[PDB]
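One file, upload02.pdb, is given below (PDB, N, CA and C atoms).
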```pdb
ATOM      1  N   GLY P   1      24.628   7.784  14.646
ATOM      2  CA  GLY P   1      25.013   7.367  13.311
ATOM      3  C   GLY P   1      26.490   7.044  13.206
ATOM      4  N   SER P   2      26.915   6.596  12.029
ATOM      5  CA  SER P   2      28.312   6.246  11.804
ATOM      6  C   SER P   2      28.919   7.112  10.703
ATOM      7  N   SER P   3      30.233   7.005  10.531
ATOM      8  CA  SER P   3      30.936   7.780   9.516
ATOM      9  C   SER P   3      31.673   6.861   8.546
ATOM     10  N   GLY P   4      31.147   5.653   8.369
ATOM     11  CA  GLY P   4      31.767   4.699   7.468
ATOM     12  C   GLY P   4      30.921   4.429   6.239
ATOM     13  N   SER P   5      29.781   3.775   6.439
ATOM     14  CA  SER P   5      28.883   3.450   5.337
ATOM     15  C   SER P   5      27.919   4.600   5.064
ATOM     16  N   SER P   6      27.534   4.754   3.802
ATOM     17  CA  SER P   6      26.618   5.817   3.407
ATOM     18  C   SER P   6      25.493   5.269   2.533
ATOM     19  N   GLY P   7      24.284   5.240   3.085
ATOM     20  CA  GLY P   7      23.142   4.738   2.343
ATOM     21  C   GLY P   7      21.834   4.949   3.081
ATOM     22  N   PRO P   8      21.194   6.103   2.841
ATOM     23  CA  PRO P   8      19.920   6.449   3.478
ATOM     24  C   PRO P   8      18.766   5.591   2.973
ATOM     25  N   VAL P   9      17.668   5.585   3.721
ATOM     26  CA  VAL P   9      16.493   4.807   3.348
ATOM     27  C   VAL P   9      16.054   5.123   1.922
ATOM     28  N   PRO P  10      15.402   4.147   1.273
ATOM     29  CA  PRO P  10      14.916   4.298  -0.101
ATOM     30  C   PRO P  10      13.750   5.275  -0.199
ATOM     31  N   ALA P  11      13.774   6.116  -1.228
ATOM     32  CA  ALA P  11      12.717   7.098  -1.437
ATOM     33  C   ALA P  11      11.339   6.450  -1.340
ATOM     34  N   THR P  12      10.466   7.045  -0.534
ATOM     35  CA  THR P  12       9.117   6.525  -0.353
ATOM     36  C   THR P  12       8.411   6.349  -1.692
ATOM     37  N   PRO P  13       7.683   5.231  -1.835
ATOM     38  CA  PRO P  13       6.946   4.919  -3.063
ATOM     39  C   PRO P  13       5.749   5.841  -3.271
ATOM     40  N   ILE P  14       5.261   5.902  -4.505
ATOM     41  CA  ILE P  14       4.118   6.744  -4.834
ATOM     42  C   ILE P  14       2.871   5.905  -5.084
ATOM     43  N   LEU P  15       1.846   6.118  -4.267
ATOM     44  CA  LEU P  15       0.593   5.383  -4.400
ATOM     45  C   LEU P  15      -0.128   5.764  -5.687
ATOM     46  N   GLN P  16      -0.094   4.867  -6.667
ATOM     47  CA  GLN P  16      -0.747   5.109  -7.948
ATOM     48  C   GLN P  16      -1.973   4.218  -8.113
ATOM     49  N   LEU P  17      -2.810   4.176  -7.082
ATOM     50  CA  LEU P  17      -4.020   3.361  -7.111
ATOM     51  C   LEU P  17      -4.669   3.400  -8.491
ATOM     52  N   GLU P  18      -4.884   2.224  -9.072
ATOM     53  CA  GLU P  18      -5.499   2.124 -10.390
ATOM     54  C   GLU P  18      -6.763   1.270 -10.339
ATOM     55  N   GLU P  19      -6.690   0.161  -9.610
ATOM     56  CA  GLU P  19      -7.827  -0.743  -9.480
ATOM     57  C   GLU P  19      -8.778  -0.267  -8.386
ATOM     58  N   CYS P  20      -9.834   0.427  -8.791
ATOM     59  CA  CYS P  20     -10.819   0.941  -7.845
ATOM     60  C   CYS P  20     -12.235   0.577  -8.282
ATOM     61  N   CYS P  21     -12.527   0.790  -9.560
ATOM     62  CA  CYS P  21     -13.847   0.486 -10.103
ATOM     63  C   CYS P  21     -13.917  -0.961 -10.578
ATOM     64  N   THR P  22     -14.064  -1.883  -9.631
ATOM     65  CA  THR P  22     -14.143  -3.303  -9.953
ATOM     66  C   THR P  22     -15.330  -3.959  -9.256
ATOM     67  N   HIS P  23     -15.751  -5.108  -9.773
ATOM     68  CA  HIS P  23     -16.876  -5.837  -9.199
ATOM     69  C   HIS P  23     -16.460  -6.565  -7.925
ATOM     70  N   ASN P  24     -15.273  -7.163  -7.952
ATOM     71  CA  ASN P  24     -14.759  -7.893  -6.799
ATOM     72  C   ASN P  24     -14.397  -6.937  -5.666
ATOM     73  N   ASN P  25     -14.001  -7.499  -4.528
ATOM     74  CA  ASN P  25     -13.628  -6.697  -3.369
ATOM     75  C   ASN P  25     -12.127  -6.783  -3.108
ATOM     76  N   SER P  26     -11.336  -6.397  -4.103
ATOM     77  CA  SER P  26      -9.883  -6.433  -3.983
ATOM     78  C   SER P  26      -9.266  -5.121  -4.458
ATOM     79  N   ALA P  27      -8.419  -4.534  -3.617
ATOM     80  CA  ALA P  27      -7.760  -3.278  -3.950
ATOM     81  C   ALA P  27      -6.319  -3.515  -4.388
ATOM     82  N   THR P  28      -6.092  -3.498  -5.699
ATOM     83  CA  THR P  28      -4.759  -3.712  -6.247
ATOM     84  C   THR P  28      -3.889  -2.473  -6.075
ATOM     85  N   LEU P  29      -2.691  -2.668  -5.533
ATOM     86  CA  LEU P  29      -1.762  -1.564  -5.314
ATOM     87  C   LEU P  29      -0.582  -1.649  -6.278
ATOM     88  N   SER P  30      -0.343  -0.563  -7.009
ATOM     89  CA  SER P  30       0.754  -0.515  -7.968
ATOM     90  C   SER P  30       1.546   0.781  -7.822
ATOM     91  N   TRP P  31       2.191   0.945  -6.674
ATOM     92  CA  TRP P  31       2.985   2.140  -6.407
ATOM     93  C   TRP P  31       4.114   2.281  -7.423
ATOM     94  N   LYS P  32       4.934   3.311  -7.249
ATOM     95  CA  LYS P  32       6.054   3.558  -8.149
ATOM     96  C   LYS P  32       7.062   4.512  -7.516
ATOM     97  N   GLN P  33       8.332   4.346  -7.872
ATOM     98  CA  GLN P  33       9.391   5.193  -7.338
ATOM     99  C   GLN P  33       9.380   6.565  -8.004
ATOM    100  N   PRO P  34       9.725   7.603  -7.229
ATOM    101  CA  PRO P  34       9.762   8.982  -7.723
ATOM    102  C   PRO P  34      10.901   9.214  -8.710
ATOM    103  N   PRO P  35      10.756  10.249  -9.551
ATOM    104  CA  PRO P  35      11.765  10.601 -10.555
ATOM    105  C   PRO P  35      13.036  11.163  -9.928
ATOM    106  N   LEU P  36      12.987  11.410  -8.624
ATOM    107  CA  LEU P  36      14.136  11.948  -7.904
ATOM    108  C   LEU P  36      14.764  10.886  -7.008
ATOM    109  N   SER P  37      14.223   9.672  -7.069
ATOM    110  CA  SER P  37      14.728   8.569  -6.261
ATOM    111  C   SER P  37      16.212   8.335  -6.530
ATOM    112  N   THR P  38      17.052   8.774  -5.598
ATOM    113  CA  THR P  38      18.494   8.614  -5.732
ATOM    114  C   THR P  38      18.973   7.342  -5.042
ATOM    115  N   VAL P  39      18.245   6.922  -4.013
ATOM    116  CA  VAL P  39      18.594   5.717  -3.270
ATOM    117  C   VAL P  39      17.768   4.524  -3.735
ATOM    118  N   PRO P  40      18.458   3.450  -4.148
ATOM    119  CA  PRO P  40      17.808   2.227  -4.623
ATOM    120  C   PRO P  40      17.109   1.467  -3.501
ATOM    121  N   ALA P  41      15.986   0.835  -3.829
ATOM    122  CA  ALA P  41      15.224   0.073  -2.849
ATOM    123  C   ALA P  41      15.351  -1.426  -3.101
ATOM    124  N   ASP P  42      15.149  -2.217  -2.052
ATOM    125  CA  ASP P  42      15.241  -3.668  -2.160
ATOM    126  C   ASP P  42      13.862  -4.309  -2.048
ATOM    127  N   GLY P  43      12.950  -3.625  -1.362
ATOM    128  CA  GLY P  43      11.606  -4.144  -1.193
ATOM    129  C   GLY P  43      10.626  -3.079  -0.741
ATOM    130  N   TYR P  44       9.358  -3.456  -0.623
ATOM    131  CA  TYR P  44       8.319  -2.525  -0.200
ATOM    132  C   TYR P  44       7.336  -3.199   0.752
ATOM    133  N   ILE P  45       6.944  -2.477   1.796
ATOM    134  CA  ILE P  45       6.007  -3.004   2.779
ATOM    135  C   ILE P  45       4.655  -2.306   2.678
ATOM    136  N   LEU P  46       3.586  -3.095   2.675
ATOM    137  CA  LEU P  46       2.234  -2.552   2.585
ATOM    138  C   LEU P  46       1.572  -2.511   3.958
ATOM    139  N   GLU P  47       0.578  -1.640   4.104
ATOM    140  CA  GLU P  47      -0.139  -1.503   5.367
ATOM    141  C   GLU P  47      -1.593  -1.113   5.128
ATOM    142  N   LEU P  48      -2.490  -1.669   5.935
ATOM    143  CA  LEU P  48      -3.914  -1.380   5.813
ATOM    144  C   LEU P  48      -4.648  -1.699   7.111
ATOM    145  N   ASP P  49      -5.549  -0.807   7.510
ATOM    146  CA  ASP P  49      -6.323  -0.996   8.732
ATOM    147  C   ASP P  49      -7.541  -1.877   8.475
ATOM    148  N   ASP P  50      -8.152  -2.359   9.549
ATOM    149  CA  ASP P  50      -9.329  -3.215   9.441
ATOM    150  C   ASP P  50     -10.603  -2.379   9.363
ATOM    151  N   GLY P  51     -10.539  -1.280   8.618
ATOM    152  CA  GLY P  51     -11.693  -0.411   8.476
ATOM    153  C   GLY P  51     -12.285  -0.011   9.813
ATOM    154  N   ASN P  52     -11.436   0.076  10.832
ATOM    155  CA  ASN P  52     -11.882   0.450  12.169
ATOM    156  C   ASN P  52     -11.414   1.857  12.526
ATOM    157  N   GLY P  53     -10.246   2.234  12.014
ATOM    158  CA  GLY P  53      -9.706   3.552  12.288
ATOM    159  C   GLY P  53      -8.718   3.546  13.438
ATOM    160  N   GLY P  54      -7.921   2.485  13.526
ATOM    161  CA  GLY P  54      -6.939   2.380  14.590
ATOM    162  C   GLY P  54      -5.515   2.438  14.075
ATOM    163  N   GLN P  55      -4.772   1.353  14.269
ATOM    164  CA  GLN P  55      -3.387   1.287  13.821
ATOM    165  C   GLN P  55      -3.270   0.481  12.532
ATOM    166  N   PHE P  56      -2.205   0.733  11.777
ATOM    167  CA  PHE P  56      -1.976   0.031  10.520
ATOM    168  C   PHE P  56      -0.984  -1.113  10.707
ATOM    169  N   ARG P  57      -1.291  -2.258  10.107
ATOM    170  CA  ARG P  57      -0.429  -3.429  10.209
ATOM    171  C   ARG P  57       0.080  -3.851   8.834
ATOM    172  N   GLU P  58       1.121  -4.680   8.821
ATOM    173  CA  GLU P  58       1.702  -5.157   7.571
ATOM    174  C   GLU P  58       0.774  -6.153   6.885
ATOM    175  N   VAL P  59       0.594  -5.983   5.579
ATOM    176  CA  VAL P  59      -0.268  -6.868   4.804
ATOM    177  C   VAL P  59       0.531  -7.634   3.756
ATOM    178  N   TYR P  60       1.606  -7.021   3.275
ATOM    179  CA  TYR P  60       2.455  -7.645   2.267
ATOM    180  C   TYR P  60       3.835  -6.995   2.238
ATOM    181  N   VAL P  61       4.831  -7.753   1.789
ATOM    182  CA  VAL P  61       6.198  -7.252   1.709
ATOM    183  C   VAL P  61       7.062  -8.153   0.836
ATOM    184  N   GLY P  62       7.768  -7.547  -0.113
ATOM    185  CA  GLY P  62       8.626  -8.309  -1.003
ATOM    186  C   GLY P  62       9.437  -7.423  -1.927
ATOM    187  N   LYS P  63       9.556  -7.834  -3.185
ATOM    188  CA  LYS P  63      10.310  -7.071  -4.172
ATOM    189  C   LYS P  63       9.475  -6.823  -5.423
ATOM    190  N   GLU P  64       8.160  -6.973  -5.291
ATOM    191  CA  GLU P  64       7.252  -6.764  -6.413
ATOM    192  C   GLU P  64       6.731  -5.330  -6.430
ATOM    193  N   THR P  65       6.147  -4.933  -7.557
ATOM    194  CA  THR P  65       5.610  -3.586  -7.705
ATOM    195  C   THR P  65       4.111  -3.620  -7.978
ATOM    196  N   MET P  66       3.458  -4.690  -7.538
ATOM    197  CA  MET P  66       2.021  -4.842  -7.734
ATOM    198  C   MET P  66       1.467  -5.961  -6.857
ATOM    199  N   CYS P  67       0.603  -5.596  -5.917
ATOM    200  CA  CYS P  67       0.002  -6.569  -5.011
ATOM    201  C   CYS P  67      -1.412  -6.150  -4.623
ATOM    202  N   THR P  68      -2.316  -7.123  -4.559
ATOM    203  CA  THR P  68      -3.704  -6.856  -4.202
ATOM    204  C   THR P  68      -4.145  -7.721  -3.028
ATOM    205  N   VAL P  69      -5.147  -7.246  -2.293
ATOM    206  CA  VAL P  69      -5.666  -7.978  -1.144
ATOM    207  C   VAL P  69      -7.084  -8.472  -1.401
ATOM    208  N   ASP P  70      -7.408  -9.636  -0.848
ATOM    209  CA  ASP P  70      -8.734 -10.220  -1.016
ATOM    210  C   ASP P  70      -9.489 -10.245   0.309
ATOM    211  N   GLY P  71     -10.802 -10.048   0.241
ATOM    212  CA  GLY P  71     -11.616 -10.050   1.442
ATOM    213  C   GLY P  71     -11.623  -8.705   2.141
ATOM    214  N   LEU P  72     -12.188  -7.700   1.482
ATOM    215  CA  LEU P  72     -12.256  -6.356   2.046
ATOM    216  C   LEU P  72     -13.696  -5.978   2.380
ATOM    217  N   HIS P  73     -13.912  -5.518   3.608
ATOM    218  CA  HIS P  73     -15.243  -5.119   4.051
ATOM    219  C   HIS P  73     -15.821  -4.044   3.135
ATOM    220  N   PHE P  74     -17.145  -3.931   3.125
ATOM    221  CA  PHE P  74     -17.822  -2.945   2.293
ATOM    222  C   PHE P  74     -18.366  -1.798   3.141
ATOM    223  N   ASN P  75     -18.966  -0.814   2.479
ATOM    224  CA  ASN P  75     -19.528   0.340   3.171
ATOM    225  C   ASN P  75     -18.686   0.708   4.389
ATOM    226  N   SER P  76     -17.368   0.711   4.211
ATOM    227  CA  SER P  76     -16.452   1.042   5.296
ATOM    228  C   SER P  76     -15.168   1.663   4.752
ATOM    229  N   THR P  77     -14.814   2.830   5.278
ATOM    230  CA  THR P  77     -13.610   3.530   4.846
ATOM    231  C   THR P  77     -12.358   2.725   5.176
ATOM    232  N   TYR P  78     -11.411   2.705   4.244
ATOM    233  CA  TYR P  78     -10.167   1.970   4.437
ATOM    234  C   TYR P  78      -8.960   2.854   4.133
ATOM    235  N   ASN P  79      -7.955   2.791   5.000
ATOM    236  CA  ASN P  79      -6.745   3.584   4.827
ATOM    237  C   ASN P  79      -5.531   2.685   4.613
ATOM    238  N   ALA P  80      -4.901   2.816   3.449
ATOM    239  CA  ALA P  80      -3.727   2.018   3.123
ATOM    240  C   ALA P  80      -2.508   2.904   2.888
ATOM    241  N   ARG P  81      -1.324   2.305   2.958
ATOM    242  CA  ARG P  81      -0.082   3.042   2.755
ATOM    243  C   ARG P  81       1.075   2.088   2.475
ATOM    244  N   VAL P  82       1.875   2.417   1.465
ATOM    245  CA  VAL P  82       3.017   1.590   1.094
ATOM    246  C   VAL P  82       4.330   2.335   1.315
ATOM    247  N   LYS P  83       5.375   1.591   1.661
ATOM    248  CA  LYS P  83       6.687   2.179   1.901
ATOM    249  C   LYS P  83       7.795   1.261   1.393
ATOM    250  N   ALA P  84       8.982   1.828   1.197
ATOM    251  CA  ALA P  84      10.124   1.059   0.717
ATOM    252  C   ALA P  84      11.068   0.707   1.862
ATOM    253  N   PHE P  85      11.733  -0.438   1.743
ATOM    254  CA  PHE P  85      12.666  -0.889   2.769
ATOM    255  C   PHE P  85      13.859  -1.603   2.143
ATOM    256  N   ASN P  86      15.041  -1.379   2.711
ATOM    257  CA  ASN P  86      16.260  -1.999   2.208
ATOM    258  C   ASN P  86      17.286  -2.167   3.325
ATOM    259  N   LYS P  87      18.478  -2.627   2.962
ATOM    260  CA  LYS P  87      19.548  -2.831   3.931
ATOM    261  C   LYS P  87      19.601  -1.681   4.932
ATOM    262  N   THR P  88      19.462  -0.458   4.430
ATOM    263  CA  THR P  88      19.495   0.726   5.280
ATOM    264  C   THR P  88      18.511   0.598   6.438
ATOM    265  N   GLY P  89      17.222   0.704   6.129
ATOM    266  CA  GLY P  89      16.202   0.597   7.155
ATOM    267  C   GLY P  89      14.804   0.507   6.576
ATOM    268  N   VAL P  90      14.032   1.578   6.731
ATOM    269  CA  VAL P  90      12.667   1.616   6.219
ATOM    270  C   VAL P  90      12.226   3.048   5.936
ATOM    271  N   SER P  91      11.446   3.222   4.873
ATOM    272  CA  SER P  91      10.958   4.542   4.491
ATOM    273  C   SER P  91       9.598   4.822   5.122
ATOM    274  N   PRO P  92       9.276   6.114   5.282
ATOM    275  CA  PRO P  92       8.005   6.545   5.873
ATOM    276  C   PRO P  92       6.816   6.261   4.960
ATOM    277  N   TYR P  93       5.695   5.877   5.559
ATOM    278  CA  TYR P  93       4.488   5.573   4.800
ATOM    279  C   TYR P  93       4.109   6.739   3.891
ATOM    280  N   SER P  94       3.442   6.424   2.785
ATOM    281  CA  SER P  94       3.023   7.443   1.829
ATOM    282  C   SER P  94       1.780   8.175   2.326
ATOM    283  N   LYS P  95       1.254   9.066   1.493
ATOM    284  CA  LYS P  95       0.065   9.834   1.844
ATOM    285  C   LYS P  95      -1.141   8.918   2.025
ATOM    286  N   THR P  96      -1.653   8.856   3.250
ATOM    287  CA  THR P  96      -2.806   8.018   3.555
ATOM    288  C   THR P  96      -3.768   7.955   2.374
ATOM    289  N   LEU P  97      -3.901   6.771   1.787
ATOM    290  CA  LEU P  97      -4.790   6.578   0.647
ATOM    291  C   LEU P  97      -6.109   5.949   1.086
ATOM    292  N   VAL P  98      -7.195   6.700   0.936
ATOM    293  CA  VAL P  98      -8.518   6.215   1.314
ATOM    294  C   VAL P  98      -9.184   5.479   0.156
ATOM    295  N   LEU P  99      -9.734   4.306   0.448
ATOM    296  CA  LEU P  99     -10.403   3.501  -0.568
ATOM    297  C   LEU P  99     -11.891   3.357  -0.257
ATOM    298  N   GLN P 100     -12.663   4.381  -0.605
ATOM    299  CA  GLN P 100     -14.101   4.369  -0.365
ATOM    300  C   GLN P 100     -14.755   3.167  -1.038
ATOM    301  N   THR P 101     -15.279   2.252  -0.228
ATOM    302  CA  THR P 101     -15.931   1.056  -0.746
ATOM    303  C   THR P 101     -17.430   1.276  -0.916
ATOM    304  N   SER P 102     -17.988   0.721  -1.986
ATOM    305  CA  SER P 102     -19.412   0.859  -2.264
ATOM    306  C   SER P 102     -20.224  -0.153  -1.462
ATOM    307  N   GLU P 103     -21.480   0.188  -1.189
ATOM    308  CA  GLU P 103     -22.361  -0.690  -0.428
ATOM    309  C   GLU P 103     -22.362  -2.101  -1.014
ATOM    310  N   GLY P 104     -21.977  -3.075  -0.196
ATOM    311  CA  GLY P 104     -21.940  -4.453  -0.649
ATOM    312  C   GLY P 104     -23.282  -5.144  -0.515
ATOM    313  N   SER P 105     -23.878  -5.502  -1.648
ATOM    314  CA  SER P 105     -25.174  -6.168  -1.652
ATOM    315  C   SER P 105     -25.119  -7.458  -2.465
ATOM    316  N   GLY P 106     -25.703  -8.521  -1.918
ATOM    317  CA  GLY P 106     -25.709  -9.799  -2.605
ATOM    318  C   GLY P 106     -26.340  -9.716  -3.980
ATOM    319  N   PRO P 107     -25.815 -10.510  -4.926
ATOM    320  CA  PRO P 107     -26.317 -10.539  -6.303
ATOM    321  C   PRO P 107     -27.702 -11.170  -6.402
ATOM    322  N   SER P 108     -28.707 -10.342  -6.667
ATOM    323  CA  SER P 108     -30.080 -10.819  -6.784
ATOM    324  C   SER P 108     -30.741 -10.268  -8.043
ATOM    325  N   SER P 109     -30.821  -8.944  -8.131
ATOM    326  CA  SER P 109     -31.433  -8.290  -9.281
ATOM    327  C   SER P 109     -30.806  -8.779 -10.583
ATOM    328  N   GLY P 110     -31.571  -8.701 -11.667
ATOM    329  CA  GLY P 110     -31.074  -9.139 -12.958
ATOM    330  C   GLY P 110     -32.175  -9.258 -13.993
TER     331      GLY P 110
END
```
For the file at hand, write its structure as structure tokens.
Amino acid sequence: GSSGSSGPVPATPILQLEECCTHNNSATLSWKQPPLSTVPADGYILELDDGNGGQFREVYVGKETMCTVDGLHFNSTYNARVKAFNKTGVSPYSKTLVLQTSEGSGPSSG
């Protein structure tokens, strides 16, 4: 480290999943900064696995506080996580958020 500049990574965002009970197959993410967030953030990076249970990759990144993904498999567990990033570096992923998807069946009954 150095002894000149002082600015630690931005406080990790809080996964406030709200969009869960929907007809479509899109998981809207609307995280939020903690009440103790002392370090300002410049952006946030999203991550989600391919419902396989391996490694997490980047899905979105910017300066917004609300982003959703389209085209999500059904009857398959999904693990997502959002983090903050700025000039400093990058914050650690949040608490693994599981998005239990309901059995996907074509629209027939009615």
*Which residues, written as number ranges by chain, have at least one atom at most 12 Å from residue 9 in chain P, with only C-alpha atoms counted and residues fewer than 5 positions away on the same chain left out?*
P: 37-44, 83-92
*Could you name the residues that touch range 95-104 of chain P at 7 Å or less, counting only N, CA and C atoms, but leaving out those on the same chain fewer than 3 positions away, as a ChimeraX atom specification?*
/P:15,73-82
Give me a file of those residues, with N, CA and C atoms, as a JSON list (two decimals), keeping the file's coordinate frame.
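Output (out13.json):
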```
[["chain", "number", "residue", "atom", "x", "y", "z"],
["P", 15, "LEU", "N", 1.85, 6.12, -4.27],
["P", 15, "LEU", "CA", 0.59, 5.38, -4.40],
["P", 15, "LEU", "C", -0.13, 5.76, -5.69],
["P", 73, "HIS", "N", -13.91, -5.52, 3.61],
["P", 73, "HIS", "CA", -15.24, -5.12, 4.05],
["P", 73, "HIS", "C", -15.82, -4.04, 3.14],
["P", 74, "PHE", "N", -17.14, -3.93, 3.12],
["P", 74, "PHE", "CA", -17.82, -2.94, 2.29],
["P", 74, "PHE", "C", -18.37, -1.80, 3.14],
["P", 75, "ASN", "N", -18.97, -0.81, 2.48],
["P", 75, "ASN", "CA", -19.53, 0.34, 3.17],
["P", 75, "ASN", "C", -18.69, 0.71, 4.39],
["P", 76, "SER", "N", -17.37, 0.71, 4.21],
["P", 76, "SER", "CA", -16.45, 1.04, 5.30],
["P", 76, "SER", "C", -15.17, 1.66, 4.75],
["P", 77, "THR", "N", -14.81, 2.83, 5.28],
["P", 77, "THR", "CA", -13.61, 3.53, 4.85],
["P", 77, "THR", "C", -12.36, 2.72, 5.18],
["P", 78, "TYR", "N", -11.41, 2.70, 4.24],
["P", 78, "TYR", "CA", -10.17, 1.97, 4.44],
["P", 78, "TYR", "C", -8.96, 2.85, 4.13],
["P", 79, "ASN", "N", -7.96, 2.79, 5.00],
["P", 79, "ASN", "CA", -6.74, 3.58, 4.83],
["P", 79, "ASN", "C", -5.53, 2.68, 4.61],
["P", 80, "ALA", "N", -4.90, 2.82, 3.45],
["P", 80, "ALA", "CA", -3.73, 2.02, 3.12],
["P", 80, "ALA", "C", -2.51, 2.90, 2.89],
["P", 81, "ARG", "N", -1.32, 2.31, 2.96],
["P", 81, "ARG", "CA", -0.08, 3.04, 2.76],
["P", 81, "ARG", "C", 1.08, 2.09, 2.48],
["P", 82, "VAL", "N", 1.88, 2.42, 1.46],
["P", 82, "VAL", "CA", 3.02, 1.59, 1.09],
["P", 82, "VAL", "C", 4.33, 2.34, 1.32]]
```
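Interatomic distance, atom C of residue 51 in chain P to atom C of residue 70 in chain P: 14.2 Å.
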*Excluding same-chain residues fewer than 2 positions from residue 24 in chain P, what lies within 8 Å of it counting only N, CA and C atoms, as a PyMOL selection string?*
chain P and resi 21-22+26-27+71-72
*asked:* Taking 5 positions as the minimum chain separation for residues in the same chain, which residues sit within 7 Å of residue 14 in chain P when counting all atoms listed in the file? Answer as a VMD selection string.
replied: chain P and resid 30 to 34 82 94
*Between CA of residue 36 in chain P and CA of residue 6 in chain P, what is the spacing in Å?*
17.9 Å
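One distance worth recording is that between CA of residue 29 in chain P and atom N of residue 65 in chain P, which is 8.9 Å.
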_Residue neighbourhood residue 60 in chain P, 6 Å, only N, CA and C atoms, exclusion window fewer than 2 positions, as an NGL selection string_ = :P and (44-47 or 58 or 62)
Enclosing box along x, y and z for every listed atom of range 65-73 of chain P, padded 6 Å each side, centre and size in Å, one decimal, as AutoDock Vina command-line options:
```
--center_x -4.8 --center_y -6.9 --center_z -2.0 --size_x 34.0 --size_y 18.7 --size_z 24.0
```
